[PDB]
Amino acid sequence: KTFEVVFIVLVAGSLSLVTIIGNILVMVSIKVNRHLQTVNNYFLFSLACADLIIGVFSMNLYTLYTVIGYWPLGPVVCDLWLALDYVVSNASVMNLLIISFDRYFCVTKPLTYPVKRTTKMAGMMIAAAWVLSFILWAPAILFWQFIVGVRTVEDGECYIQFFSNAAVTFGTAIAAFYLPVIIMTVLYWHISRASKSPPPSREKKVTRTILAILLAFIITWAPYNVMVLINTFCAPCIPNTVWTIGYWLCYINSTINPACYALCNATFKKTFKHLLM
Amino acid sequence: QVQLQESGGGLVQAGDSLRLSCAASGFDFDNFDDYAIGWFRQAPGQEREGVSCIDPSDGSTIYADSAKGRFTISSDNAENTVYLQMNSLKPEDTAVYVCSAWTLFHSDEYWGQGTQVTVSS
Ligand SMILES: C[N+](C)(C)CC#CCOC1=NOCC1
């Protein structure tokens, strides 16, 4: 039973490690290679940044939280870590969303949009993503104890204390996952159906890649987002193990992003391999 | 990797026709089939507007609202070289014609160097 507790820090730790290394390779390979420095890859840059913060901070602090048995760092950095994590994860999702939009417009408007869209617009949509994420999550997270008048959070554990109140939990969760997944999936549907007219290559490859992307986003972000809804009705409903796995499943999206967006392109991987030796 | 060279750049009087040809090369683990190719013209100081675009894999033709009816595009899938023939030109088509190749979702984006097409009268 003593072997058990090290294996988890090895798996989660090495997964975090792989995460940050991967996204660092994304950022590096974009700044180094001038050919892949297209407007579409700026969104990949912002994405890899969010996934980097997530990779190094969220993953390791949650690794600590889980491996110790409690949150020993205090209310200040609990509120902090949670605010940060939720904000930058929402930022990741909004990034994916804005990527979806961009790809839709690149498909429907095949010649006009790619020229009309400038770098300034990309920076604007990125900033919009981060700002909206921050506004939607941060103020509600920290000041939920100043408004209620009591920190509902237990001394040992560290969770968002608006979870007890379903009314806000739903509204925040849907604007973070449900609404955005609906949007992404629907305009990706528009992409697949409008782009490529059994269909030999176009519809085949498009449907394949789109499927992989959507499957990733869902398989990672859904379990927690549906468990957050489960626990909002009943407190003893969900086992802490399953909860932990929901959290981690959410984290590994930020690990798999350089595989669905970057490496799914042919050149990116070639650019990656030189960083080895 | 791929770099794209153009041809057919010359002088023509109004009403005449030209054939600009774009040749792509240098494929490894990627296929010319995996690239959708378009023609962009640039007038002096004006926006780099896109004339026409073709997908060789599907054979799907997509033209711009300005060049519809005069311009025709196709290719040679085995030779990995595309052909754009334009007919009944006006002196308003005086520009440098460059060749672009986007992979799905614009990840691998390539441009050429371009050829000059000056129309007389
Ligand atoms: C799931 N985790 C708590 C680890 C991070 C977060 C967050 C808030 O926003 C979103 N949740 O799922 C989709 C986006």
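Labelled according to the PDB entry, chain B appears under the name Nanobody 9-8, originating from Lama glama.

Chain A carries the name Muscarinic acetylcholine receptor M2 in the PDB entry, which gives Homo sapiens as its organism. Here is the UniProt Sequence similarities comment for chain A, exactly as written: "Belongs to the G-protein coupled receptor 1 family. Muscarinic acetylcholine receptor subfamily. CHRM2 sub-subfamily."

1. Section: the site of the ligand
All names here are of chain A. In the neighbourhood of the ligand, 14 residues make up the surrounding shell, with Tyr86, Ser89, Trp221, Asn225 and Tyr247 lying closest. Residue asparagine 225 places a side-chain N or O atom 2.7 Å away from an oxygen atom belonging to the ligand. Alone, the ligand offers 390 Å² of accessible surface; in the complex the protein occludes 100% of this. For the shell around the ligand, a count of residues per class yields 10 nonpolar, 3 polar and 1 charged.

2. Some details on the packing of aromatic side chains
Under the definition given, this model contains 27 aromatic pairs over all chains. Plain terms: the ring middles of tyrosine 62 of chain A and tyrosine 247 of chain A are 4.3 Å apart, the flat faces sit at 15° to each other, and that makes the pair stacked. In this pair, the class of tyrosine 62 of chain A matches that of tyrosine 247 of chain A, namely buried. On the basis of an interplanar angle of 40° and a centroid distance of 5.4 Å, the ring pair of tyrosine 86 of chain A and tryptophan 137 of chain A is categorised as tilted. Of the two residues, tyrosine 86 of chain A sits in helix α3 (residues 75–108) while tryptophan 137 of chain A sits in helix α5 (residues 119–142), which places them 51 residues apart along the sequence. The two residues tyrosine 86 of chain A and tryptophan 137 of chain A agree in class, both being buried. The aromatic ring of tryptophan 189 of chain A is capped on one face by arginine 193 of chain A, whose charged end is 5.8 Å from the ring centroid. A cation over an aromatic ring shows up here: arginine 48 of chain B above the ring of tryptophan 111 of chain B, its NZ or CZ 4.9 Å from the ring centre.

3. Overview of the environment of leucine 214 of chain A
Here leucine 214 of chain A is to be found in helix α8 (residues 202–231). Between the C-alpha atoms of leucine 214 of chain A and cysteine 260 of chain A, which are 46 residues apart in sequence, the distance is 9.5 Å.

4. Digging into the nonpolar core
All names here are of chain A. Judged by nonpolar contacts, the single largest core of 71 residues is most densely connected at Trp81, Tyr86, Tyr188, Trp243, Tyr247 and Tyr261. Considering each element in turn, this core owes the most residues, 14 residues, to α3. Aside from chain neighbours lying at most four places away, what touches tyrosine 247 is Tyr62, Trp81, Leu82, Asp85, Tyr86 and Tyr224.

So, how was this worked out
Note on numbering: positions run from 1 along each chain as its sequence is written and may not match the entry's numbering; residues without coordinates are not listed. Working convention: letters from A go to chains and numbers from 1 go to ligands, in the order in which they are written. Note: side-chain values were computed over all heavy atoms of the structure, leaving out hydrogens and water. Residues with missing side-chain atoms are left out of burial classes, side-chain pairs and their counts. UniProt positions are given in the numbering used here, feature names are shortened, and annotations may be inferred rather than shown by experiment. The criterion for a residue being near a molecule or strand is simple. One of its heavy atoms has to lie within 4 Å of it. Pairs of N or O atoms are called polar contacts if they sit within 3.5 Å, as long as, within protein, a hydrogen donor faces a hydrogen acceptor (for residues adjacent in sequence, only side-chain-to-side-chain pairs). Shrake-Rupley sampling with a 1.4 Å probe provides the accessible areas, and residues are treated as covered by the protein chains on show and by no other component. In this classification, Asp, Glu, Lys and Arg are treated as charged, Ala, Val, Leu, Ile, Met, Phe, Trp, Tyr, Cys and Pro as nonpolar, and every other residue, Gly included, as polar. Pairs were defined over the aromatic rings of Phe, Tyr and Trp, the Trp ring being its six-membered one, requiring ring centres within 6.5 Å. Orientation was assigned from the angle between planes: stacked under 30 degrees, edge-to-face over 60, tilted for the rest. For every residue, the accessible area obtained with a 1.4 Å probe (protein chains only) is divided by the maximum for its type, and the residue is called buried under 20%, exposed over 50%, and partly exposed between those limits. Every helix listed is a DSSP run of H or I at least four residues long, and every strand listed is a run of E at least two residues long, numbered separately from the N terminus. In our convention, an over-ring charge means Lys NZ or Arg CZ found within 6 Å of a ring centre and within 35 degrees of that ring's normal. To define a nonpolar core, start from buried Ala, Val, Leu, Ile, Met, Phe, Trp, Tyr and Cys residues and group those joined through side-chain atoms within 4.5 Å. Working rule for contacts: check all heavy atoms of both residues, and any pair within 4.5 Å makes them a contact.

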